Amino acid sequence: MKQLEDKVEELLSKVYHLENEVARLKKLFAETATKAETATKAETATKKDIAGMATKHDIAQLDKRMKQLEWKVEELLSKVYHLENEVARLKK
């Protein structure tokens, strides 16, 4: 009977330890992220991958310059056409 009495005492401590350990795990699991809600390394773009990313302002800077050239080229077409007539007129 004293053998059984001790066993019970051993079980009590063991159960008590388990209770504590499970409680911890309960708390700790609260802070963990689910597979559903989180994104994998394989399917996500790192900050490394976008280090050499072009902005919409870089492109805007180029658009600006393109427009300026486009405008200058139009003016030149106008000037050249006029000169062709002027030279033609001179030849007659």
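Sequential numbering from 1, following the sequence displayed.
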Practice task
Between 67 to 75 and 8 to 16, name whichever shows the higher mean Cα B factor according to the PDB entry.
Solution key: 8 to 16
Practice task
Relative to the other modelled residues of the same chain, rank the CA B-factor of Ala51 and answer lowest, middle or highest third.
Solution key: highest
Practice task
Relative to the other modelled residues of the same chain, rank the CA B-factor of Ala33 and answer lowest, middle or highest third.
Solution key: middle
Exercise for the section: Determine, from the deposited record, the chain-internal third of the Cα B-factor for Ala42: lowest, middle or highest. Expected result: highest
